[PDB]
Amino acid sequence: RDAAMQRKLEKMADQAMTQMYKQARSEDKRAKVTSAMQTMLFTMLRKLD
Amino acid sequence: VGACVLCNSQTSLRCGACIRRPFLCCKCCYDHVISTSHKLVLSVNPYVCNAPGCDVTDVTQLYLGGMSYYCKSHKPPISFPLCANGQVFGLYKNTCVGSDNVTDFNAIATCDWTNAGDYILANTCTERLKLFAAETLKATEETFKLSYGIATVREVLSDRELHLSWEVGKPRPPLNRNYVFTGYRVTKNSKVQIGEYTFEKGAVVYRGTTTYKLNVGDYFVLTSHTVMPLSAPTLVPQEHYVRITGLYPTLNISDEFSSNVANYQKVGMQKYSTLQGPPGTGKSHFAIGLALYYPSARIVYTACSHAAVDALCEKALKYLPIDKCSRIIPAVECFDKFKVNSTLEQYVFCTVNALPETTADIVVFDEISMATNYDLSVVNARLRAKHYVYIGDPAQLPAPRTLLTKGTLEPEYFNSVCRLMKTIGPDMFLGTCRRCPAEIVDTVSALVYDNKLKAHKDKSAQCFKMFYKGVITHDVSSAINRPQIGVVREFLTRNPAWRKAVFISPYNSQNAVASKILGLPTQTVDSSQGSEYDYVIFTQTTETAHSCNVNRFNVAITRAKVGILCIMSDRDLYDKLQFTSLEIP
Amino acid sequence: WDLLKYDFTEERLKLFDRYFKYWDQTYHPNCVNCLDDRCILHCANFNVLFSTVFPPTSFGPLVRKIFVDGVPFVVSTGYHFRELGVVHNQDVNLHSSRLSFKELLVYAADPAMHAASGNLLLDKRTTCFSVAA
Ligand SMILES: [Zn+2]
Ligand SMILES: [Zn+2]
Ligand SMILES: [Zn+2]
Ligand SMILES: [Zn+2]
């Protein structure tokens with residue numbers, strides 16, 4: 001009982017760890033592309049004459 | 001993702017109940033949440049029950065159910081709690097140090113900044129905790145600014161005088177110089193900024209940066225700004241050198257800056273230096289002789305207020321080349337004789353909040369007393385300098401503390417540089433006062449300068465003091481002493497020449513009444529700092545801690561160049577004054 | 001023709017009056033006002049005919065200047081289809097404040113800014129109209 005209650009828990013804990021890790025990575029890439037897009041627009045606008 | 005402000009360990013946990021959401025390690029987060037009422041914790045996803053229509057947000061009452069956070073009521077059979085094993089579940093759980101004591105962080109995070117002890121702890125905690133405390137205090141001040149009600153122009157009596165209708169259900173901020181409002185105009189579906197204003201009781205007399213023909217509809221709100229998060233320490237680590245490092249002194253110097261030459265060399269002896277300059281000692285003279293002593297050095301002159309930066313620019317126009325000086329102005333009328341927004345110029349004059357990320361040979365930060373740890377930290381973050389020169393006076397006014405109500409803030413707790421120059425002493429000192437007469441210089445030197453400040457001028461025999469309590473009346477946010485103003489009237493009638501004097505009082509209402517009845521120009525002690533006048537008439541108007549403050553009294557009495565009359569309500573300061581006693585008529 | 005003239009509705013009605021005066025079904029110069037899909041087709045046919053009259057440089061994106069945070073932009077706000085006529089955006093925002101991710105995504109996709117920033121091109125290798133490089 002009290003071992004089947006535990007050894008099945010580290011699996012779900014580990015996969016939750018991995019999930020929120022990749023979610024944080026994707027969220028950071030989101031900010032990266034936001035910055036890149038905005039700076040591209042502001043650099044291309046300066047040529048407008 | 002970030003680093004535990006108490007452990008520096010890489011962490012993905014932030015406290016959701018703390019206003020600044022600081023990064024905390026698993027152990028530190030656990031100890032903080034179990035020791036305070038802070039139960040909301042932020043991760044890359046906030047620690048809140050995701051059940052439909054559930055309000056459980058406490059970290060100790062949540063479990064990892066499947067792929068989500070659930071309370072005990074809504075959890076699936078397979079779950080483990082968020083808050084367990086003396087740690088908080090999150091990223092980088094294996095890498096965690098923890099802290100033996102979380103008392104300082106808990107106190108800083110949960111304090112309302114209404115006690116002097118909060119500021120003492122902020123100035124005496126760890127450097128990262130100093131940054132966190134500065135962030136929290138500034139954010140709390142900004143939020144408290146929003147607590148004030150909106151004042152709307154209800155009817156325009158005349159020019160420079162208004163009538164305000166205030167928002168119901170919200171408090172009214174005091175109408176003085178410390179609360180600068182901003183006017184807003186009504187449009188179709190939006191709002192436009194029409195200038196920054198200050199108010200006083202008349203009906204309200206308004207002083208705006210720009211003049212207008214404003215009518216009913218315009219309403220004034222104290223503008224608040226986002227508080228950016230601090231990364232650099234309030235002071236760089238101290239380094240002492242054996243030779244002038246990064247600087248090359250000129251071989252020819254004038255007698256105007258000779259007396260500071262040795263101190264200039266001390267600037268090259270260390271990474272940063274602290275200068276204590278009493279009133280009328282030549283802090284600007286020292287700051288500009290630093291540049292003239294190192295002509296090739298690129299120097300950034302900074303100050304919290306636009307006024308001090310403008311004064312530095314005025315001195316630079318006097319001694320420094322105009323083409324080598326540039327005044328940085330963000331997108332208030334300031335110095336406009338240097339080229340505007342030129343970062344790469346050799347001499348860069350800019351306020352704290354508008355500084356660019358740049359390097360320099362010397363960074364001269366003037367008026368350290370008005371500075372906060374926030375300003376020092378952000379200056380260190382943006383400016384990379386071989387040498388830092390902190391210039392000011394711990395015996396003068398600090399930045400006003402609106403939230404502080406219990407206790408008084410000592411000069412050592414104004415900022416980190418203030419702490420250094422009050423505990424270990426300033427790196428160098430300006431010991432000659434060229435402004436005030438001998439009586440005032442001796443008085444201030446015995447009061448706040450440990451009998452070190454010396455007098456350049458002789459006794460002027462025009463320094464007078466009177467002990468007169470009078471009658472104290474209180475309005476919404478100030479104090480009035482009419483009998484003291486009547487005594488000043490009698491003195492003016494018996495001494496008409498003193499009608500050239502400038503009235504100074506620690507209260508704005510007393511200044512308004514004195515301007516109305518006497519005709520003299522009127523100054524608060526807070527706004528009189530940095531200025532000087534031939535003759536000064538000062539009334540204490542109370543015996544409260546505000547008027548009896550030694551730094552405030554020093555600033556008030558150091559504004560006189562020739563003569564001063566002092567109507568004292570406090571016996572301590574009256575006896576401390578080395579002035580000629582006068583009798584009440 | 002004037003280069004800056006983009007709405008040729010009056011000319012379309014004039015042509016329809018001149019050549020198909022007694023054609024019973026109603027005609028919509030801009031396909032927005034159609035009653036259903038069949039009327040869309042029926043108007044699109046006559047528009048395809050009449051689009052061979054007007055200059056090639058009046059078909060495409062319709063640009064307008066909009067300031068964001070005080071910065072003047074050049075963004076697409078309408079289109080001139082050869083077959084559908086003139087269509088105007090309904091949710092065009094003028095003098096906005098901040099650009100969210102969707103706003104940046106849209107304003108980085110349309111050829112408005114890219115065309116307005118580039119330099120004029122003239123290629124002799126083909127016959128199709130060319131915009132820029
Ligand atoms: Zn907290
Ligand atoms: Zn920690
Ligand atoms: Zn729940
Ligand atoms: Zn139709």
# chains A, B, ... in the order shown; residues from 1 in each chain; ligands from 1

call {"tool": "closest_atom_pairs", "arguments": {"of": "chain A", "to": "chain C", "cutoff": "10 Å", "atoms": "only C-alpha atoms", "output": "JSON lines"}}
result
{"residue": "A:30", "atom": "CA", "partner": "C:101", "partner_atom": "CA", "distance": 9.1}
{"residue": "A:31", "atom": "CA", "partner": "C:101", "partner_atom": "CA", "distance": 9.5}
{"residue": "A:33", "atom": "CA", "partner": "C:101", "partner_atom": "CA", "distance": 9.4}
{"residue": "A:34", "atom": "CA", "partner": "C:101", "partner_atom": "CA", "distance": 6.7}
{"residue": "A:37", "atom": "CA", "partner": "C:104", "partner_atom": "CA", "distance": 7.0}
{"residue": "A:38", "atom": "CA", "partner": "C:104", "partner_atom": "CA", "distance": 6.9}
{"residue": "A:40", "atom": "CA", "partner": "C:108", "partner_atom": "CA", "distance": 8.7}
{"residue": "A:41", "atom": "CA", "partner": "C:108", "partner_atom": "CA", "distance": 7.0}
{"residue": "A:42", "atom": "CA", "partner": "C:71", "partner_atom": "CA", "distance": 9.3}
{"residue": "A:44", "atom": "CA", "partner": "C:117", "partner_atom": "CA", "distance": 6.5}
{"residue": "A:45", "atom": "CA", "partner": "C:117", "partner_atom": "CA", "distance": 6.7}
{"residue": "A:46", "atom": "CA", "partner": "C:117", "partner_atom": "CA", "distance": 8.4}
{"residue": "A:47", "atom": "CA", "partner": "C:117", "partner_atom": "CA", "distance": 5.8}
{"residue": "A:48", "atom": "CA", "partner": "C:117", "partner_atom": "CA", "distance": 5.3}
{"residue": "A:49", "atom": "CA", "partner": "C:117", "partner_atom": "CA", "distance": 8.4}

call {"tool": "residues_around", "arguments": {"residues": "residue A:17", "least_positions_apart": "4", "cutoff": "9 Å", "atoms": "only C-alpha atoms", "output": "ChimeraX atom specification"}}
result
/A:12-13,21-22 /B:90-91

call {"tool": "residues_around", "arguments": {"residues": "residue B:501", "least_positions_apart": "5", "cutoff": "7 Å", "atoms": "only C-alpha atoms", "output": "list in words"}}
result
residues 520, 534, 535, 536 and 537 of chain B

call {"tool": "residues_near_ligand", "arguments": {"ligand": "ligand 4", "cutoff": "7 Å", "atoms": "only C-alpha atoms and all ligand atoms", "output": "number ranges by chain"}}
result
C: 27-28, 31, 33-35, 39-40, 42-43

call {"tool": "write_last_selection", "arguments": {"atoms": "N, CA, C and O atoms", "output": "PDB file, in the first residue's frame"}}
result
ATOM      1  N   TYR C  27     -27.342  46.399 -59.820  1.00  0.00           N
ATOM      2  CA  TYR C  27     -25.888  46.336 -59.824  1.00  0.00           C
ATOM      3  C   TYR C  27     -25.325  47.040 -58.597  1.00  0.00           C
ATOM      4  O   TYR C  27     -25.748  48.151 -58.264  1.00  0.00           O
ATOM      5  N   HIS C  28     -24.367  46.396 -57.933  1.00  0.00           N
ATOM      6  CA  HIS C  28     -23.701  46.969 -56.769  1.00  0.00           C
ATOM      7  C   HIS C  28     -22.254  47.281 -57.109  1.00  0.00           C
ATOM      8  O   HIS C  28     -21.462  46.349 -57.322  1.00  0.00           O
ATOM      9  N   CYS C  31     -19.000  45.193 -53.798  1.00  0.00           N
ATOM     10  CA  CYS C  31     -19.653  43.935 -53.466  1.00  0.00           C
ATOM     11  C   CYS C  31     -20.039  43.821 -51.997  1.00  0.00           C
ATOM     12  O   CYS C  31     -20.646  42.815 -51.619  1.00  0.00           O
ATOM     13  N   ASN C  33     -22.305  45.471 -50.430  1.00  0.00           N
ATOM     14  CA  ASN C  33     -23.739  45.662 -50.273  1.00  0.00           C
ATOM     15  C   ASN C  33     -24.570  44.558 -50.912  1.00  0.00           C
ATOM     16  O   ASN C  33     -25.767  44.758 -51.133  1.00  0.00           O
ATOM     17  N   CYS C  34     -23.976  43.411 -51.217  1.00  0.00           N
ATOM     18  CA  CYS C  34     -24.735  42.341 -51.844  1.00  0.00           C
ATOM     19  C   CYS C  34     -25.687  41.695 -50.844  1.00  0.00           C
ATOM     20  O   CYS C  34     -25.493  41.751 -49.627  1.00  0.00           O
ATOM     21  N   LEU C  35     -26.729  41.063 -51.382  1.00  0.00           N
ATOM     22  CA  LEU C  35     -27.778  40.478 -50.559  1.00  0.00           C
ATOM     23  C   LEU C  35     -27.474  39.050 -50.138  1.00  0.00           C
ATOM     24  O   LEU C  35     -27.936  38.617 -49.079  1.00  0.00           O
ATOM     25  N   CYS C  39     -25.876  37.287 -55.537  1.00  0.00           N
ATOM     26  CA  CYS C  39     -25.658  38.676 -55.909  1.00  0.00           C
ATOM     27  C   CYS C  39     -24.183  39.045 -55.897  1.00  0.00           C
ATOM     28  O   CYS C  39     -23.759  39.890 -56.696  1.00  0.00           O
ATOM     29  N   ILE C  40     -23.389  38.409 -55.030  1.00  0.00           N
ATOM     30  CA  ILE C  40     -21.944  38.614 -55.052  1.00  0.00           C
ATOM     31  C   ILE C  40     -21.370  38.206 -56.400  1.00  0.00           C
ATOM     32  O   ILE C  40     -20.622  38.967 -57.024  1.00  0.00           O
ATOM     33  N   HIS C  42     -23.008  37.899 -59.224  1.00  0.00           N
ATOM     34  CA  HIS C  42     -23.595  38.667 -60.312  1.00  0.00           C
ATOM     35  C   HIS C  42     -22.946  40.038 -60.426  1.00  0.00           C
ATOM     36  O   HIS C  42     -22.756  40.555 -61.531  1.00  0.00           O
ATOM     37  N   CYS C  43     -22.603  40.650 -59.296  1.00  0.00           N
ATOM     38  CA  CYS C  43     -21.896  41.923 -59.358  1.00  0.00           C
ATOM     39  C   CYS C  43     -20.423  41.738 -59.701  1.00  0.00           C
ATOM     40  O   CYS C  43     -19.838  42.575 -60.409  1.00  0.00           O
TER      41      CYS C  43
END

call {"tool": "atom_distance", "arguments": {"atom1": "atom CA of residue B:519", "atom2": "atom CA of residue B:307"}}
result
25.8 Å

call {"tool": "interface_residues", "arguments": {"of": "chain B", "to": "chain A", "cutoff": "12 Å", "atoms": "only C-alpha atoms", "output": "compact mmCIF listing (two decimals) with N, CA and C atoms, in the first residue's frame"}}
result
# COMPACT_ATOMS: atom_id res chain seq x y z
N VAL B 1 11.69 33.34 -14.05
CA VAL B 1 12.91 32.70 -13.57
C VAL B 1 13.90 33.75 -13.06
N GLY B 2 14.57 33.44 -11.96
CA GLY B 2 15.49 34.37 -11.35
C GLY B 2 16.31 33.78 -10.22
N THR B 11 16.06 30.41 -9.20
CA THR B 11 14.73 30.02 -8.76
C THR B 11 13.68 30.50 -9.74
N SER B 12 12.57 29.77 -9.78
CA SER B 12 11.40 30.14 -10.57
C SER B 12 10.21 30.49 -9.68
N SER B 43 4.81 31.29 -9.70
CA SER B 43 5.82 30.57 -10.46
C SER B 43 5.62 30.97 -11.91
N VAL B 44 6.22 30.23 -12.85
CA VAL B 44 5.94 30.49 -14.25
C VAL B 44 4.43 30.44 -14.50
N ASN B 45 3.72 29.65 -13.71
CA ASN B 45 2.28 29.74 -13.53
C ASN B 45 1.97 30.03 -12.07
N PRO B 46 1.01 30.91 -11.80
CA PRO B 46 0.67 31.23 -10.40
C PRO B 46 0.10 30.04 -9.65
N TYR B 63 -2.33 21.26 -4.18
CA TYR B 63 -1.67 20.02 -4.55
C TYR B 63 -1.54 19.98 -6.06
N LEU B 64 -0.53 19.25 -6.54
CA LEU B 64 -0.36 19.01 -7.97
C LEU B 64 -1.31 17.89 -8.37
N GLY B 65 -2.47 18.25 -8.91
CA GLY B 65 -3.40 17.28 -9.42
C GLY B 65 -3.29 17.13 -10.92
N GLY B 66 -2.83 15.97 -11.37
CA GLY B 66 -2.63 15.76 -12.79
C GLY B 66 -1.64 16.76 -13.37
N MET B 67 -2.17 17.74 -14.11
CA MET B 67 -1.38 18.77 -14.78
C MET B 67 -1.73 20.17 -14.26
N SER B 68 -2.26 20.27 -13.04
CA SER B 68 -2.78 21.54 -12.53
C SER B 68 -2.62 21.63 -11.03
N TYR B 69 -2.99 22.79 -10.48
CA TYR B 69 -3.03 23.03 -9.05
C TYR B 69 -4.47 22.97 -8.56
N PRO B 77 -7.34 11.92 -6.92
CA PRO B 77 -6.72 11.02 -5.93
C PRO B 77 -5.21 11.05 -5.94
N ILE B 78 -4.59 11.25 -7.10
CA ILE B 78 -3.14 11.30 -7.23
C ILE B 78 -2.71 12.76 -7.15
N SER B 79 -2.07 13.13 -6.05
CA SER B 79 -1.64 14.51 -5.85
C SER B 79 -0.60 14.55 -4.74
N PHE B 80 0.26 15.56 -4.80
CA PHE B 80 1.18 15.88 -3.72
C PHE B 80 1.13 17.38 -3.48
N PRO B 81 1.21 17.81 -2.22
CA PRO B 81 1.00 19.23 -1.91
C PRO B 81 2.13 20.11 -2.43
N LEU B 82 1.76 21.36 -2.76
CA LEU B 82 2.76 22.35 -3.14
C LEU B 82 3.71 22.66 -2.00
N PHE B 89 7.58 23.49 -3.68
CA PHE B 89 7.81 22.75 -4.91
C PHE B 89 7.94 23.70 -6.09
N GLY B 90 8.97 23.49 -6.89
CA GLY B 90 9.22 24.37 -8.02
C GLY B 90 10.50 23.99 -8.72
N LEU B 91 10.89 24.83 -9.67
CA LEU B 91 12.07 24.57 -10.47
C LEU B 91 13.33 24.64 -9.62
N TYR B 92 14.35 23.89 -10.03
CA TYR B 92 15.66 23.89 -9.38
C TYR B 92 15.54 23.55 -7.90
N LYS B 93 14.70 22.56 -7.59
CA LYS B 93 14.49 22.16 -6.20
C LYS B 93 15.77 21.62 -5.58

call {"tool": "interface_residues", "arguments": {"of": "chain C", "to": "chain B", "cutoff": "12 Å", "atoms": "only C-alpha atoms", "output": "list in words"}}
result
residues 70, 95, 96 and 97 of chain C

call {"tool": "residues_near_ligand", "arguments": {"ligand": "ligand 1", "cutoff": "7 Å", "atoms": "only C-alpha atoms and all ligand atoms", "output": "list in words"}}
result
residues 15, 16, 17, 18, 32, 33, 38 and 109 of chain B

call {"tool": "residues_near_ligand", "arguments": {"ligand": "ligand 2", "cutoff": "8 Å", "atoms": "only C-alpha atoms and all ligand atoms", "output": "PyMOL selection string"}}
result
chain B and resi 4-9+24-29+96-99

call {"tool": "residues_around", "arguments": {"residues": "stretch 356-370 of chain B", "least_positions_apart": "2", "cutoff": "7 Å", "atoms": "only C-alpha atoms", "output": "VMD selection string"}}
result
chain B and resid 246 297 to 303 354 372 382 to 394 396 to 399 414 418

call {"tool": "write_last_selection", "arguments": {"atoms": "N, CA and C atoms", "output": "JSON list (two decimals), in the first residue's frame"}}
result
[["chain", "number", "residue", "atom", "x", "y", "z"],
["B", 246, "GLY", "N", 43.26, 55.39, -13.96],
["B", 246, "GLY", "CA", 42.31, 55.83, -14.96],
["B", 246, "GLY", "C", 42.21, 57.33, -15.14],
["B", 297, "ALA", "N", 39.41, 63.40, -18.82],
["B", 297, "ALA", "CA", 38.46, 62.45, -18.27],
["B", 297, "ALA", "C", 37.03, 62.79, -18.68],
["B", 298, "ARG", "N", 36.29, 61.77, -19.10],
["B", 298, "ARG", "CA", 34.87, 61.91, -19.40],
["B", 298, "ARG", "C", 34.07, 61.73, -18.12],
["B", 299, "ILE", "N", 33.28, 62.74, -17.77],
["B", 299, "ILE", "CA", 32.64, 62.81, -16.46],
["B", 299, "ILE", "C", 31.13, 62.97, -16.65],
["B", 300, "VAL", "N", 30.37, 62.23, -15.84],
["B", 300, "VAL", "CA", 28.92, 62.29, -15.85],
["B", 300, "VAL", "C", 28.46, 62.91, -14.54],
["B", 301, "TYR", "N", 27.82, 64.08, -14.63],
["B", 301, "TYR", "CA", 27.31, 64.80, -13.47],
["B", 301, "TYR", "C", 25.82, 64.51, -13.31],
["B", 302, "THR", "N", 25.45, 63.95, -12.16],
["B", 302, "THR", "CA", 24.10, 63.48, -11.91],
["B", 302, "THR", "C", 23.57, 64.04, -10.60],
["B", 303, "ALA", "N", 22.25, 64.18, -10.53],
["B", 303, "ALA", "CA", 21.54, 64.57, -9.32],
["B", 303, "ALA", "C", 20.09, 64.14, -9.46],
["B", 354, "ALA", "N", 16.79, 59.76, -15.98],
["B", 354, "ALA", "CA", 16.93, 59.88, -17.43],
["B", 354, "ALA", "C", 18.32, 59.49, -17.92],
["B", 372, "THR", "N", 18.01, 58.52, -2.55],
["B", 372, "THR", "CA", 17.57, 57.28, -1.93],
["B", 372, "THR", "C", 18.45, 56.14, -2.43],
["B", 382, "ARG", "N", 23.25, 51.83, -14.36],
["B", 382, "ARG", "CA", 23.38, 52.43, -15.68],
["B", 382, "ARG", "C", 24.78, 52.94, -15.98],
["B", 383, "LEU", "N", 25.49, 53.47, -14.99],
["B", 383, "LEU", "CA", 26.77, 54.12, -15.22],
["B", 383, "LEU", "C", 27.90, 53.20, -14.77],
["B", 384, "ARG", "N", 28.87, 52.99, -15.65],
["B", 384, "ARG", "CA", 30.09, 52.25, -15.33],
["B", 384, "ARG", "C", 31.25, 53.23, -15.29],
["B", 385, "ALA", "N", 31.81, 53.45, -14.10],
["B", 385, "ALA", "CA", 32.82, 54.48, -13.92],
["B", 385, "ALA", "C", 34.03, 53.91, -13.19],
["B", 386, "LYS", "N", 35.21, 54.41, -13.56],
["B", 386, "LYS", "CA", 36.42, 54.10, -12.81],
["B", 386, "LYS", "C", 36.40, 54.74, -11.43],
["B", 387, "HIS", "N", 35.79, 55.92, -11.31],
["B", 387, "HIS", "CA", 35.74, 56.63, -10.04],
["B", 387, "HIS", "C", 34.36, 57.24, -9.85],
["B", 388, "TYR", "N", 33.86, 57.16, -8.62],
["B", 388, "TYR", "CA", 32.59, 57.76, -8.23],
["B", 388, "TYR", "C", 32.86, 58.82, -7.17],
["B", 389, "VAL", "N", 32.26, 59.99, -7.33],
["B", 389, "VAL", "CA", 32.41, 61.09, -6.39],
["B", 389, "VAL", "C", 31.02, 61.48, -5.89],
["B", 390, "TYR", "N", 30.72, 61.12, -4.65],
["B", 390, "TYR", "CA", 29.44, 61.43, -4.03],
["B", 390, "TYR", "C", 29.59, 62.73, -3.24],
["B", 391, "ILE", "N", 28.78, 63.73, -3.59],
["B", 391, "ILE", "CA", 28.90, 65.08, -3.06],
["B", 391, "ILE", "C", 27.58, 65.46, -2.41],
["B", 392, "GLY", "N", 27.65, 65.99, -1.20],
["B", 392, "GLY", "CA", 26.46, 66.41, -0.49],
["B", 392, "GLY", "C", 26.78, 66.78, 0.94],
["B", 393, "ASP", "N", 25.76, 66.67, 1.79],
["B", 393, "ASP", "CA", 25.90, 67.01, 3.20],
["B", 393, "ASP", "C", 24.88, 66.22, 4.02],
["B", 394, "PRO", "N", 25.32, 65.33, 4.91],
["B", 394, "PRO", "CA", 24.37, 64.61, 5.76],
["B", 394, "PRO", "C", 23.63, 65.51, 6.73],
["B", 396, "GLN", "N", 22.08, 68.21, 5.94],
["B", 396, "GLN", "CA", 21.02, 68.89, 5.23],
["B", 396, "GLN", "C", 19.82, 67.96, 5.05],
["B", 397, "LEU", "N", 18.81, 68.45, 4.32],
["B", 397, "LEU", "CA", 17.54, 67.77, 4.13],
["B", 397, "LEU", "C", 17.71, 66.47, 3.36],
["B", 398, "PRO", "N", 17.00, 65.42, 3.77],
["B", 398, "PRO", "CA", 16.88, 64.22, 2.94],
["B", 398, "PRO", "C", 15.63, 64.28, 2.07],
["B", 399, "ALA", "N", 15.43, 63.22, 1.29],
["B", 399, "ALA", "CA", 14.19, 63.10, 0.55],
["B", 399, "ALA", "C", 13.02, 62.98, 1.53],
["B", 414, "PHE", "N", 19.65, 58.03, 5.68],
["B", 414, "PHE", "CA", 19.18, 58.64, 4.45],
["B", 414, "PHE", "C", 19.49, 57.76, 3.25],
["B", 418, "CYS", "N", 25.18, 58.08, 2.82],
["B", 418, "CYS", "CA", 24.94, 58.78, 4.08],
["B", 418, "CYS", "C", 25.34, 57.92, 5.27]]

call {"tool": "decode", "arguments": {"residues": "stretch 7-22 of chain A", "atoms": "N, CA, C and O atoms", "output": "PDB file, in the first residue's frame"}}
result
ATOM      1  N   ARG A   7       5.883   5.315  -5.243  1.00  0.00           N
ATOM      2  CA  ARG A   7       6.738   5.157  -6.418  1.00  0.00           C
ATOM      3  C   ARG A   7       6.031   5.540  -7.710  1.00  0.00           C
ATOM      4  O   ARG A   7       6.696   5.720  -8.736  1.00  0.00           O
ATOM      5  N   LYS A   8       4.707   5.666  -7.690  1.00  0.00           N
ATOM      6  CA  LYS A   8       3.983   6.174  -8.844  1.00  0.00           C
ATOM      7  C   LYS A   8       3.859   7.690  -8.839  1.00  0.00           C
ATOM      8  O   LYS A   8       3.309   8.254  -9.789  1.00  0.00           O
ATOM      9  N   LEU A   9       4.359   8.360  -7.801  1.00  0.00           N
ATOM     10  CA  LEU A   9       4.220   9.805  -7.686  1.00  0.00           C
ATOM     11  C   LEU A   9       5.373  10.568  -8.319  1.00  0.00           C
ATOM     12  O   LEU A   9       5.158  11.654  -8.870  1.00  0.00           O
ATOM     13  N   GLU A  10       6.594  10.038  -8.247  1.00  0.00           N
ATOM     14  CA  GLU A  10       7.725  10.726  -8.852  1.00  0.00           C
ATOM     15  C   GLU A  10       7.615  10.810 -10.367  1.00  0.00           C
ATOM     16  O   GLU A  10       8.167  11.743 -10.958  1.00  0.00           O
ATOM     17  N   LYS A  11       6.917   9.869 -11.001  1.00  0.00           N
ATOM     18  CA  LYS A  11       6.672   9.926 -12.437  1.00  0.00           C
ATOM     19  C   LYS A  11       5.849  11.159 -12.801  1.00  0.00           C
ATOM     20  O   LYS A  11       6.244  11.950 -13.666  1.00  0.00           O
ATOM     21  N   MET A  12       4.709  11.340 -12.130  1.00  0.00           N
ATOM     22  CA  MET A  12       3.868  12.493 -12.424  1.00  0.00           C
ATOM     23  C   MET A  12       4.543  13.789 -11.991  1.00  0.00           C
ATOM     24  O   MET A  12       4.435  14.810 -12.679  1.00  0.00           O
ATOM     25  N   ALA A  13       5.275  13.761 -10.875  1.00  0.00           N
ATOM     26  CA  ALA A  13       6.021  14.944 -10.465  1.00  0.00           C
ATOM     27  C   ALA A  13       7.097  15.299 -11.486  1.00  0.00           C
ATOM     28  O   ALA A  13       7.269  16.473 -11.837  1.00  0.00           O
ATOM     29  N   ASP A  14       7.830  14.296 -11.976  1.00  0.00           N
ATOM     30  CA  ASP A  14       8.882  14.557 -12.956  1.00  0.00           C
ATOM     31  C   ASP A  14       8.301  15.115 -14.249  1.00  0.00           C
ATOM     32  O   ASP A  14       8.847  16.062 -14.833  1.00  0.00           O
ATOM     33  N   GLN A  15       7.190  14.541 -14.716  1.00  0.00           N
ATOM     34  CA  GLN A  15       6.619  15.026 -15.968  1.00  0.00           C
ATOM     35  C   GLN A  15       6.027  16.421 -15.798  1.00  0.00           C
ATOM     36  O   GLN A  15       6.075  17.235 -16.726  1.00  0.00           O
ATOM     37  N   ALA A  16       5.486  16.727 -14.613  1.00  0.00           N
ATOM     38  CA  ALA A  16       5.046  18.094 -14.348  1.00  0.00           C
ATOM     39  C   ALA A  16       6.222  19.060 -14.371  1.00  0.00           C
ATOM     40  O   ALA A  16       6.123  20.158 -14.936  1.00  0.00           O
ATOM     41  N   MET A  17       7.341  18.666 -13.752  1.00  0.00           N
ATOM     42  CA  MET A  17       8.561  19.465 -13.826  1.00  0.00           C
ATOM     43  C   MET A  17       8.938  19.763 -15.268  1.00  0.00           C
ATOM     44  O   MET A  17       9.138  20.925 -15.642  1.00  0.00           O
ATOM     45  N   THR A  18       9.023  18.721 -16.092  1.00  0.00           N
ATOM     46  CA  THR A  18       9.405  18.914 -17.486  1.00  0.00           C
ATOM     47  C   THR A  18       8.413  19.817 -18.206  1.00  0.00           C
ATOM     48  O   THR A  18       8.807  20.680 -19.006  1.00  0.00           O
ATOM     49  N   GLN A  19       7.119  19.630 -17.943  1.00  0.00           N
ATOM     50  CA  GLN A  19       6.120  20.432 -18.637  1.00  0.00           C
ATOM     51  C   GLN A  19       6.275  21.904 -18.307  1.00  0.00           C
ATOM     52  O   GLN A  19       6.348  22.743 -19.212  1.00  0.00           O
ATOM     53  N   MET A  20       6.307  22.244 -17.018  1.00  0.00           N
ATOM     54  CA  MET A  20       6.390  23.665 -16.724  1.00  0.00           C
ATOM     55  C   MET A  20       7.749  24.236 -17.102  1.00  0.00           C
ATOM     56  O   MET A  20       7.844  25.430 -17.408  1.00  0.00           O
ATOM     57  N   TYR A  21       8.788  23.402 -17.172  1.00  0.00           N
ATOM     58  CA  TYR A  21      10.052  23.869 -17.726  1.00  0.00           C
ATOM     59  C   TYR A  21       9.899  24.289 -19.185  1.00  0.00           C
ATOM     60  O   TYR A  21      10.311  25.391 -19.574  1.00  0.00           O
ATOM     61  N   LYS A  22       9.316  23.420 -20.018  1.00  0.00           N
ATOM     62  CA  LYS A  22       9.230  23.780 -21.432  1.00  0.00           C
ATOM     63  C   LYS A  22       8.241  24.920 -21.631  1.00  0.00           C
ATOM     64  O   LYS A  22       8.389  25.728 -22.554  1.00  0.00           O
TER      65      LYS A  22
END
